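> Dumping the structure here so I can ask a few things about it.
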Amino acid sequence: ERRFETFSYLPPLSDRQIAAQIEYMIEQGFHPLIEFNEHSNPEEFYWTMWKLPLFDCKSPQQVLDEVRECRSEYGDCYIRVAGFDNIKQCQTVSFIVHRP
Amino acid sequence: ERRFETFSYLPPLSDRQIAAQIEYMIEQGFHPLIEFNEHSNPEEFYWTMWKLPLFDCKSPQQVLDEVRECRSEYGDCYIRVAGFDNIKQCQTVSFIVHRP
Amino acid sequence: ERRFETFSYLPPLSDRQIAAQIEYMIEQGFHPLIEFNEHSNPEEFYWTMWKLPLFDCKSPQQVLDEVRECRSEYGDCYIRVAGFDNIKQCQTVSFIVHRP
Amino acid sequence: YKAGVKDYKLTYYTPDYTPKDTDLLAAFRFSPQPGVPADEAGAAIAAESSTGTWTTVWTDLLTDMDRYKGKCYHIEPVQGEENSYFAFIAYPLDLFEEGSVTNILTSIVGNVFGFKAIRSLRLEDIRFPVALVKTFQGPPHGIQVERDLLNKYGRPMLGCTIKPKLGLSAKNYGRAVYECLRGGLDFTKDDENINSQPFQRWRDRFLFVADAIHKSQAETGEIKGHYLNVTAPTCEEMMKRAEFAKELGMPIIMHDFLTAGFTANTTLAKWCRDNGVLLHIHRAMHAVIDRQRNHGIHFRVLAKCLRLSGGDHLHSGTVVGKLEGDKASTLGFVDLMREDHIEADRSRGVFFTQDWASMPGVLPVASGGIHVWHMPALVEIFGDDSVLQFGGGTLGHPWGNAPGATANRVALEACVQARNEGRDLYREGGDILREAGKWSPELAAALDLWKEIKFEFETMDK
Amino acid sequence: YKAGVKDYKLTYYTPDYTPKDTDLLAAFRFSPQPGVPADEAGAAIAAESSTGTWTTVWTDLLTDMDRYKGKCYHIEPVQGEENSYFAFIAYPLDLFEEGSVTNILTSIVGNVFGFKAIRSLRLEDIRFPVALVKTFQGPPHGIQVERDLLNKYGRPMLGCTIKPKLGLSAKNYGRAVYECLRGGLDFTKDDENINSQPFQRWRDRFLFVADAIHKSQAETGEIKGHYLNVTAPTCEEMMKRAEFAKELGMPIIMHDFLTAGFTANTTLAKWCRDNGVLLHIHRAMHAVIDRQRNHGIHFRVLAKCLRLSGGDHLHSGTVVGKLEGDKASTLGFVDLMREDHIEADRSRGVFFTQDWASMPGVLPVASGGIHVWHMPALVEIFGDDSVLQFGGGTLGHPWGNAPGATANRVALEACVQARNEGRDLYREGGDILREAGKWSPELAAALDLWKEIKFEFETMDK
Amino acid sequence: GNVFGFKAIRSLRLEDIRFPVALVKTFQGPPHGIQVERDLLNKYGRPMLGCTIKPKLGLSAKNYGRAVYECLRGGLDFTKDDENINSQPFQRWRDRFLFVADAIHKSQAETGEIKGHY
């Protein structure tokens with residue numbers, strides 16, 4: 001079966017664990033980012049972005065609502081969440097949230 | 001006529017000018033050195049040394065006596081005087097004193 | 001002063017010391033060889049040979065007589081002796097016996 | 001000019017001297033013979049390394065000796081031991097050649113170690129001034145660029161070693177590699193001494209490994225690599241092997257730095273930077289040079305030298321594994337390896353404030369004698385940015401290879417998630433592992449079989 | 001197939017085995033932790049070097065392990081010490097790659113030294129089978145060809161180092177070399193750590209040394225040479241330096257074998273054989289690796305490895321000098337270096353009969369802290385075929401350089417003549433030296449000045 | 001690069017640059033320097049002398065060589081080509097190089113002093 005990087009061998013993640021993941025994303029200053037894509041080749045690097053990184057994050061419910069909207073409009077595509085760092089300039093967290 | 005480097009187009013230097021030369025030699029802390037050689041090719045760099053540099057120089061007459069001894073023992077060879085610097089590591093003054 | 005390889009710093013060797021050289025030659029099984037030459041350049045390796053090595057040497061007086069004969073016939077040339085080894089296949093001792 | 005023998009302590013003992021931001025410092029731990037004053041011995045260590053000689057010569061007066069001479073500016077005793085002292089030595093920058101590690105090593109540790117007046121000697125730390133560190137090339141890629149190229153975030157990288165040491169032909173090597181790749185692993189390695197033998201030539205091994213990697217990557221959907229060994233007798237042979245490794249499109253190769261030489265390693269780092277292939281470095285022979293406590297070279301100096309020469313991956317001990325390593329020193333020199341600004345802390349084995357000037361980091365690697373039960377504690381010590389290789393932790397699964405790889409990956413990811421959620425790894429590792437193995441039978445089997453093995457041995461280097 | 005952990009001693013302890021003329025043998029001296037049986041430790045030593053691992057995997061059954069596994073066939077206790085034993089180990093020939101020293105070193109001493117179950121370990125000797133030694137290149141020229149090319153017979157060769165170590169410009173370097181050469185010496189050498197510095201670039205040093213060599217050779221009438229250093233950070237740089245050294249017609253160059261790596265050294269030996277320029281090998285860093293008695297590598301194994309890789313001159317201690325060396329071991333491994341057939345003799349530190357199969361010899365070299373009074377005894381120990389280098393024995397002459405060179409040459413000639421005639425050097429050396437110095441004032445001055453210095457220090461390695 | 005073309009500035013001029021040691025250690029530096037040049041050319045105690053060939057252009061190869069030889073034999077040390085002489089229809093670079101080399105060799109043999117030409 002095709003696999004999709006880390007956290008891809010666990011049974012599907014529950015919403016509460018995703019909320020904990022997001023709060024840990026915000027805890028040390030990483031900012032969220034939402035990407036969607038049609039294909040899942042392993043030689044492609046860039047994915048399509050959605051709005052901008054949410055610099056004014058104040059609660060996990062905001063990012064959860066944004067992911068819900070992302071599924072609402074483009075549900076027929078792979079949808080994933082990444083996290084960004086502004087000190088070392090390198091993303092650190094990447095996992096798949098919405099599978100078709 | 002074959003020339004012999006610096007100070008080689010003048011009438012022969014008198015002894016008093018040599019003494020003044022040597023005084024300026026020792027004024028800035030340069031140390032004398034005596035070389036004698038047979039041929040005067042312009043592709044040869046090294047010459048045969050005589051004793052050691054006179055680190056305990058106290059008077060021009062000492063180097064004059066050294067040149068006199070050098071002429072006494074090897075008068076059939078070109079005899080020249082050089083000066084060394086201990087901080088810039090490169091010699092600065094060179095001229096011919098005794099011609100065949 | 002021009003030098004002539006080994007044993008070129010001593011006063012000329014006496015005959016008794018040459019005899020000592022010869023019995024040392026024969027003691028470990030080296031054989032003598034006599035060569036003569038005109039020039040003494042250091043860029044030349046081979047020298048002209050004189051008959052054959054004396055394999056059946058029995059006394060140093062024989063080598064001394066051979067050197068005397070070589071001086072008698074070709075006295076106007078540098079004359080030297082050498083020792084040969086038949087085990088390791090390499091000459092070991094070489095020195096000048098007749099200077100000009 | 002006055003010739004003769006001259007005592008050292010009058011010329012090479014200046015405690016009023018102050019280090020500059022340009023000078024290069026070194027720290028020695030030494031024990032002298034009875035009847036030898038400590039200060040004279042320290043003067044000897046300083047003098048014999050830069051310009052010393054047992055008798056003065058006339059040429060000594062033809063240069064400015066005071067500008068170049070090494071200096072020993074601090075001698076202190078260490079608590080708890082007798083006739084053992086620390087000596088600090090400083091060198092001006094005009095002493096060394098730009099951009100060469102070999103010259104530095106020869107100049108510093110060339111002759112001093114064979115001195116009569118010293119019972120034992122051991123170099124401890126080296127401070128690299130910024131003006132010198134700017135000259136060197138640095139690691140070919142670093143950490144950030146490697147992570148970006150390989151597209152792997154949020155978890156430590158995983159690896160395994162092919163077993164046994166030798167005995168396999170090319171096709172079976174490829175078969176084992178393919179089976180281990182498809183289970184859920186990322187990296188697999190050739191073993192240190194496999195270069196080219198009568199039973200298995202190198203070209204066939206390269207070809208079969210490339211084919212297996214391609215097939216597994218197509219099957220699963222993950223960027224998968226494998227270290228191809230390159231260690232060769234001559235520069236030409238190593239260059240040829242590297243060119244062939246590039247041609248097939250493999251993304252990573254390995255090399256032994258200490259046993260092949262810093263010259264070859266530097267040229268390989270330069271070439272692999274020019275052609276953009278990741279470099280993996282193995283620390284073979286290091287046990288010969290760092291085992292003892294009183295004689296030899298501590299590993300951290302070699303780590304700094306390697307980070308100067310070039311390399312992305314570096315073996316760094318296992319703490320709880322089968323090879324010698326103490327937790328404090330391991331953490332200290334790991335932080336020396338990765339970070340950019342490290343302040344002095346004698347508690348962790350670092351002696352001088354060292355700044356790298358934005359030179360990229362080098363990934364540490366833990367390998368040797370670890371299994372599933374070691375996952376939690378390990379993840380605590382290293383942090384996220386690390387590569388863990390299981391020697392017998394994957395192939396030893398009684399179900400083959402793929403079940404072992406799957407169990408290893410699930411265990412590691414469960415530990416990273418447990419720390420991610422906010423739990424304490426050290427205190428609850430057993431519970432996390434049991435809960436993780438509740439639903440995946442392979443993890444449960446590995447946990448059941450490999451809970452009885454522990455390695456608790458006294459540390460020689462204290 | 002049955003996975004799990006297994007004891008080593010049940011498989012790798014065969015005292016009935018008999019060595020063959022093909023197998024490669026090694027001897028270890030080891031001291032284990034308390035409570036560890038000796039046989040188990042020897043089994044572990046032979047295990048982790050060839051195929052062993054802490055658990056058994058399925059792939060172990062895919063090949064004929066018994067054909068490749070190492071074997072430990074003799075463990076004995078050494079008299080005078082406790083918990084210290086000799087362990088002999090044998091390896092089949094199919095373990096090693098033909099014509100490479102790096103692979104042999106990595107396979108033998110790669111990981112065993114870092115074992116937890118061992119308190120101390122030291123490799124003592126290596127036996128090279130003929131079938132393997134036939135593969136390697138051997139020294140570029142040897143002894144006989146070198147002597148024939150340089151046209152020097154009947155006396156040991158002489159040399160001198162340029163001092164101070166660093167701080168001289170190019171022209172002063174050339175002048176010092178010319179003065180040292182015209183006095184009557186044969187070789188002058190750069191120091192070990194002079195490669196290229198901000199004060200003295202390499203091209204100017206090469207040019208000026210070449211000019212001095214040419215002028216002195218024209219003046220005196222004897223073939224004179226000089227060791228030009230080559231140690232470089234990359235293979236390309238070293239190749240360029242070698243090409244330039246060839247272009248000017250210099251007959252000899254030098255290289256640091258241990259600190260640059262065996263790969264670079266092998267490629268340099270191959271190039272030197274191809275272009276016919278004599279190769280000089282220095283022995284830097286050796287004191288890091290051979291100093292202690294319980295941990296490290298004894299020098300003679302490095303000497304054998306170097307003789308396999310390639311080299312004409314090799315540093316070999318001084319016995320009475322300022323560097324560590326014991327008379328028995330020095331003589332034993334010197335005879336190991338030069339001769340062709342050597343039988344076992346435990347009194348000289350050689351353990352196995354070794355045959356070179358007509359591979360040419362390598363000239364030993366003694367240098368460091370010697371002067372005129374050491375001439376007789378020295379000539380007694382080494383024999384005729386040797387090269388002696390005086391560090392401070394020539395430039396330290398109170399009359400400059402040429403008087404020192406003349407004194408050295410007269411002293412060496414007088415000693416070789418005294419032994420040549422039939423006198424005993426050891427008992428009459430003072431009389432020979434005084435008689436020789438009767439007529440040449442320089443020798444008398446050197447004898448008068450340098451009779452008060454003696455280096456009598458206890459030997460660490462006993 | 002771009003600062004000099006700004007609007008809010010009527011005039012601008014860079015005055016000095018400080019190079020940190022960490023950066024200056026990277027560069028190659030001059031090929032030889034002063035000390036090595038003086039040692040190679042064997043000239044001490046006096047400033048070096050030089051001369052330009054005039055007129056600017058219009059000389060063939062042989063007249064160029066003759067002028068250089070005549071000026072060199074008088075007691076000078078260096079003679080130079082002029083800035084814009086690279087290669088023209090009246091005088092190419094190979095002939096000029098050959099003739100200047102011949103003149104240098106002959107003058108050096110005649111006088112006994114090391115002589116050069118840019």
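Every chain in the structure tokens has a letter given in the order shown (A, B, ...), and although residue numbers restart at 1 in each chain, ligands are simply numbered from 1 in the order shown.
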Determine, for each residue of chain E having at least one atom at most 12 Å from an atom of chain C, the closest pair of atoms and their separation in Å to one decimal, counting only C-alpha atoms; order by chain and ascending number, as a Markdown table.

```
| residue | atom | partner | partner_atom | distance |
| --- | --- | --- | --- | --- |
| E:143 | CA | C:90 | CA | 9.7 |
| E:144 | CA | C:90 | CA | 6.4 |
| E:145 | CA | C:90 | CA | 9.0 |
| E:146 | CA | C:90 | CA | 11.0 |
| E:147 | CA | C:90 | CA | 8.7 |
| E:148 | CA | C:90 | CA | 8.1 |
| E:149 | CA | C:45 | CA | 8.5 |
| E:150 | CA | C:45 | CA | 9.6 |
| E:151 | CA | C:45 | CA | 7.6 |
| E:152 | CA | C:5 | CA | 7.4 |
| E:153 | CA | C:92 | CA | 5.3 |
| E:154 | CA | C:93 | CA | 4.5 |
| E:155 | CA | C:6 | CA | 7.5 |
| E:156 | CA | C:6 | CA | 10.5 |
| E:157 | CA | C:6 | CA | 10.8 |
| E:182 | CA | C:1 | CA | 10.2 |
| E:183 | CA | C:1 | CA | 10.6 |
| E:184 | CA | C:3 | CA | 9.0 |
| E:185 | CA | C:5 | CA | 11.4 |
| E:186 | CA | C:5 | CA | 10.8 |
| E:216 | CA | C:2 | CA | 11.3 |
| E:217 | CA | C:42 | CA | 8.4 |
| E:218 | CA | C:42 | CA | 8.9 |
| E:219 | CA | C:2 | CA | 7.6 |
| E:220 | CA | C:2 | CA | 5.3 |
| E:221 | CA | C:42 | CA | 5.8 |
| E:222 | CA | C:42 | CA | 5.7 |
| E:223 | CA | C:42 | CA | 6.1 |
| E:224 | CA | C:42 | CA | 9.8 |
| E:339 | CA | C:88 | CA | 10.8 |
| E:340 | CA | C:88 | CA | 10.9 |
| E:358 | CA | C:88 | CA | 10.8 |
| E:360 | CA | C:88 | CA | 10.8 |
| E:361 | CA | C:88 | CA | 11.4 |
| E:384 | CA | C:92 | CA | 9.4 |
| E:385 | CA | C:92 | CA | 9.8 |
| E:406 | CA | C:9 | CA | 8.8 |
| E:407 | CA | C:9 | CA | 10.3 |
| E:408 | CA | C:9 | CA | 11.4 |
| E:409 | CA | C:9 | CA | 8.4 |
| E:410 | CA | C:9 | CA | 6.8 |
| E:411 | CA | C:9 | CA | 10.4 |
| E:412 | CA | C:7 | CA | 10.6 |
| E:413 | CA | C:7 | CA | 7.0 |
| E:414 | CA | C:10 | CA | 9.1 |
| E:415 | CA | C:7 | CA | 11.7 |
| E:416 | CA | C:7 | CA | 10.0 |
| E:417 | CA | C:7 | CA | 8.9 |
| E:418 | CA | C:17 | CA | 10.7 |
| E:419 | CA | C:24 | CA | 10.1 |
| E:420 | CA | C:24 | CA | 7.0 |
| E:421 | CA | C:20 | CA | 5.7 |
| E:422 | CA | C:24 | CA | 8.2 |
| E:423 | CA | C:20 | CA | 11.3 |
| E:436 | CA | C:10 | CA | 9.5 |
| E:437 | CA | C:10 | CA | 11.6 |
| E:439 | CA | C:10 | CA | 9.6 |
| E:440 | CA | C:10 | CA | 9.5 |
```
> Fewer than 4 positions away in the same chain doesn't count, so skip those; otherwise give me all residues within 12 Å of residue 76 of chain B, counting only C-alpha atoms, as a PyMOL selection string.
chain B and resi 36-39+70-72+98-100
> Chain F residues within 10 Å of chain D, counting only C-alpha atoms: which ones, as a ChimeraX atom specification?
/F:20-27
> Take the residues from that selection and write them out as a PDB file, in the first residue's frame, keeping N, CA, C and O atoms.

```pdb
ATOM      1  N   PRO F  20      37.298  43.034   7.579  1.00  0.00           N
ATOM      2  CA  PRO F  20      37.571  42.220   8.765  1.00  0.00           C
ATOM      3  C   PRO F  20      38.569  41.121   8.449  1.00  0.00           C
ATOM      4  O   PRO F  20      38.693  40.673   7.307  1.00  0.00           O
ATOM      5  N   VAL F  21      39.293  40.691   9.482  1.00  0.00           N
ATOM      6  CA  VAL F  21      40.340  39.690   9.289  1.00  0.00           C
ATOM      7  C   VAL F  21      39.743  38.381   8.786  1.00  0.00           C
ATOM      8  O   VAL F  21      40.323  37.705   7.923  1.00  0.00           O
ATOM      9  N   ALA F  22      38.570  38.008   9.307  1.00  0.00           N
ATOM     10  CA  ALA F  22      37.950  36.743   8.928  1.00  0.00           C
ATOM     11  C   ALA F  22      37.650  36.682   7.437  1.00  0.00           C
ATOM     12  O   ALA F  22      37.661  35.597   6.846  1.00  0.00           O
ATOM     13  N   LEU F  23      37.379  37.827   6.812  1.00  0.00           N
ATOM     14  CA  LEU F  23      37.152  37.855   5.372  1.00  0.00           C
ATOM     15  C   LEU F  23      38.451  37.952   4.585  1.00  0.00           C
ATOM     16  O   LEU F  23      38.604  37.276   3.563  1.00  0.00           O
ATOM     17  N   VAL F  24      39.395  38.780   5.041  1.00  0.00           N
ATOM     18  CA  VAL F  24      40.638  38.959   4.304  1.00  0.00           C
ATOM     19  C   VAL F  24      41.477  37.689   4.302  1.00  0.00           C
ATOM     20  O   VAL F  24      42.299  37.497   3.400  1.00  0.00           O
ATOM     21  N   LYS F  25      41.288  36.804   5.284  1.00  0.00           N
ATOM     22  CA  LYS F  25      42.014  35.538   5.262  1.00  0.00           C
ATOM     23  C   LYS F  25      41.565  34.623   4.128  1.00  0.00           C
ATOM     24  O   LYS F  25      42.299  33.695   3.776  1.00  0.00           O
ATOM     25  N   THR F  26      40.391  34.868   3.545  1.00  0.00           N
ATOM     26  CA  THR F  26      39.893  34.003   2.481  1.00  0.00           C
ATOM     27  C   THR F  26      40.623  34.241   1.164  1.00  0.00           C
ATOM     28  O   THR F  26      40.953  33.285   0.452  1.00  0.00           O
ATOM     29  N   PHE F  27      40.897  35.501   0.835  1.00  0.00           N
ATOM     30  CA  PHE F  27      41.374  35.847  -0.494  1.00  0.00           C
ATOM     31  C   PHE F  27      42.786  35.331  -0.736  1.00  0.00           C
ATOM     32  O   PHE F  27      43.507  34.918   0.176  1.00  0.00           O
TER      33      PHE F  27
END
```
> Taking the DSSP secondary structure from the backbone, can you list the residues of chain A that are alpha helix (DSSP H), as a PyMOL selection string?
chain A and resi 15-27+60-73
> Pull N, CA, C and O atoms from the residues just selected and write them as a JSON list (two decimals), in the first residue's frame.

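Wrote it out as out.json, contents follow:
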```json
[["chain", "number", "residue", "atom", "x", "y", "z"],
["A", 15, "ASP", "N", -9.44, 13.48, 16.18],
["A", 15, "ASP", "CA", -9.43, 14.94, 16.16],
["A", 15, "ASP", "C", -8.70, 15.51, 17.36],
["A", 15, "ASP", "O", -8.00, 16.52, 17.24],
["A", 16, "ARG", "N", -8.86, 14.89, 18.54],
["A", 16, "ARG", "CA", -8.20, 15.41, 19.74],
["A", 16, "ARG", "C", -6.69, 15.34, 19.61],
["A", 16, "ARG", "O", -5.98, 16.27, 20.01],
["A", 17, "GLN", "N", -6.17, 14.24, 19.05],
["A", 17, "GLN", "CA", -4.73, 14.14, 18.83],
["A", 17, "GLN", "C", -4.25, 15.17, 17.82],
["A", 17, "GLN", "O", -3.15, 15.70, 17.95],
["A", 18, "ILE", "N", -5.07, 15.48, 16.81],
["A", 18, "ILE", "CA", -4.71, 16.53, 15.86],
["A", 18, "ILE", "C", -4.67, 17.89, 16.55],
["A", 18, "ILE", "O", -3.79, 18.71, 16.29],
["A", 19, "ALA", "N", -5.62, 18.15, 17.45],
["A", 19, "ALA", "CA", -5.61, 19.40, 18.20],
["A", 19, "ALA", "C", -4.37, 19.50, 19.08],
["A", 19, "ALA", "O", -3.76, 20.58, 19.19],
["A", 20, "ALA", "N", -3.99, 18.40, 19.72],
["A", 20, "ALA", "CA", -2.75, 18.39, 20.50],
["A", 20, "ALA", "C", -1.54, 18.64, 19.62],
["A", 20, "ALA", "O", -0.62, 19.37, 20.00],
["A", 21, "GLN", "N", -1.52, 18.03, 18.43],
["A", 21, "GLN", "CA", -0.43, 18.25, 17.48],
["A", 21, "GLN", "C", -0.34, 19.73, 17.12],
["A", 21, "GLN", "O", 0.75, 20.30, 17.05],
["A", 22, "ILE", "N", -1.49, 20.36, 16.89],
["A", 22, "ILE", "CA", -1.50, 21.76, 16.47],
["A", 22, "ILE", "C", -1.05, 22.67, 17.61],
["A", 22, "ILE", "O", -0.28, 23.62, 17.39],
["A", 23, "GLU", "N", -1.50, 22.40, 18.83],
["A", 23, "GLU", "CA", -1.05, 23.21, 19.96],
["A", 23, "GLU", "C", 0.45, 23.04, 20.19],
["A", 23, "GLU", "O", 1.14, 24.02, 20.51],
["A", 24, "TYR", "N", 0.98, 21.83, 20.01],
["A", 24, "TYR", "CA", 2.43, 21.69, 20.09],
["A", 24, "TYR", "C", 3.10, 22.41, 18.93],
["A", 24, "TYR", "O", 4.20, 22.95, 19.09],
["A", 25, "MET", "N", 2.45, 22.47, 17.78],
["A", 25, "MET", "CA", 3.01, 23.25, 16.68],
["A", 25, "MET", "C", 3.14, 24.72, 17.06],
["A", 25, "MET", "O", 4.13, 25.38, 16.71],
["A", 26, "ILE", "N", 2.15, 25.26, 17.78],
["A", 26, "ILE", "CA", 2.20, 26.68, 18.12],
["A", 26, "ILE", "C", 3.06, 26.93, 19.35],
["A", 26, "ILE", "O", 3.44, 28.08, 19.61],
["A", 27, "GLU", "N", 3.39, 25.90, 20.13],
["A", 27, "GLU", "CA", 3.99, 26.13, 21.44],
["A", 27, "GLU", "C", 5.37, 26.79, 21.34],
["A", 27, "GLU", "O", 5.65, 27.76, 22.04],
["A", 60, "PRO", "N", -6.16, 26.38, 18.59],
["A", 60, "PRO", "CA", -6.20, 25.30, 17.59],
["A", 60, "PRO", "C", -7.51, 25.24, 16.82],
["A", 60, "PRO", "O", -7.52, 24.73, 15.69],
["A", 61, "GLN", "N", -8.60, 25.74, 17.40],
["A", 61, "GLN", "CA", -9.88, 25.71, 16.70],
["A", 61, "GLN", "C", -9.83, 26.50, 15.40],
["A", 61, "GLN", "O", -10.52, 26.14, 14.44],
["A", 62, "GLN", "N", -9.01, 27.55, 15.33],
["A", 62, "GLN", "CA", -8.91, 28.32, 14.10],
["A", 62, "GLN", "C", -8.31, 27.48, 12.98],
["A", 62, "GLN", "O", -8.83, 27.46, 11.86],
["A", 63, "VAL", "N", -7.20, 26.79, 13.26],
["A", 63, "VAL", "CA", -6.57, 25.97, 12.23],
["A", 63, "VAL", "C", -7.47, 24.79, 11.87],
["A", 63, "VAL", "O", -7.54, 24.37, 10.70],
["A", 64, "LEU", "N", -8.17, 24.23, 12.86],
["A", 64, "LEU", "CA", -9.11, 23.15, 12.55],
["A", 64, "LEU", "C", -10.23, 23.64, 11.64],
["A", 64, "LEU", "O", -10.62, 22.94, 10.70],
["A", 65, "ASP", "N", -10.76, 24.84, 11.90],
["A", 65, "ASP", "CA", -11.80, 25.39, 11.04],
["A", 65, "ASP", "C", -11.27, 25.66, 9.63],
["A", 65, "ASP", "O", -11.97, 25.43, 8.64],
["A", 66, "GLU", "N", -10.03, 26.15, 9.53],
["A", 66, "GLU", "CA", -9.44, 26.37, 8.21],
["A", 66, "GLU", "C", -9.28, 25.07, 7.45],
["A", 66, "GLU", "O", -9.54, 25.01, 6.24],
["A", 67, "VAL", "N", -8.85, 24.00, 8.13],
["A", 67, "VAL", "CA", -8.74, 22.70, 7.48],
["A", 67, "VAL", "C", -10.11, 22.19, 7.06],
["A", 67, "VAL", "O", -10.26, 21.58, 6.00],
["A", 68, "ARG", "N", -11.13, 22.44, 7.89],
["A", 68, "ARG", "CA", -12.49, 22.04, 7.52],
["A", 68, "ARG", "C", -12.95, 22.76, 6.26],
["A", 68, "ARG", "O", -13.54, 22.15, 5.36],
["A", 69, "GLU", "N", -12.67, 24.07, 6.16],
["A", 69, "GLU", "CA", -13.00, 24.81, 4.95],
["A", 69, "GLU", "C", -12.23, 24.27, 3.75],
["A", 69, "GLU", "O", -12.78, 24.14, 2.64],
["A", 70, "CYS", "N", -10.95, 23.95, 3.95],
["A", 70, "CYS", "CA", -10.13, 23.40, 2.88],
["A", 70, "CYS", "C", -10.70, 22.09, 2.35],
["A", 70, "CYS", "O", -10.75, 21.87, 1.14],
["A", 71, "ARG", "N", -11.15, 21.22, 3.26],
["A", 71, "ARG", "CA", -11.84, 20.01, 2.84],
["A", 71, "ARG", "C", -13.16, 20.32, 2.16],
["A", 71, "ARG", "O", -13.56, 19.61, 1.22],
["A", 72, "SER", "N", -13.86, 21.36, 2.61],
["A", 72, "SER", "CA", -15.15, 21.70, 2.03],
["A", 72, "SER", "C", -15.01, 22.12, 0.57],
["A", 72, "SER", "O", -15.84, 21.74, -0.27],
["A", 73, "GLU", "N", -13.98, 22.89, 0.24],
["A", 73, "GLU", "CA", -13.87, 23.42, -1.11],
["A", 73, "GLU", "C", -13.12, 22.49, -2.07],
["A", 73, "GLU", "O", -13.49, 22.39, -3.24]]
```
> What is the atom CA of residue 62 of chain D-atom CA of residue 163 of chain E distance in Å, reported with one decimal?
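Distance between the two atoms: 10.8 Å.
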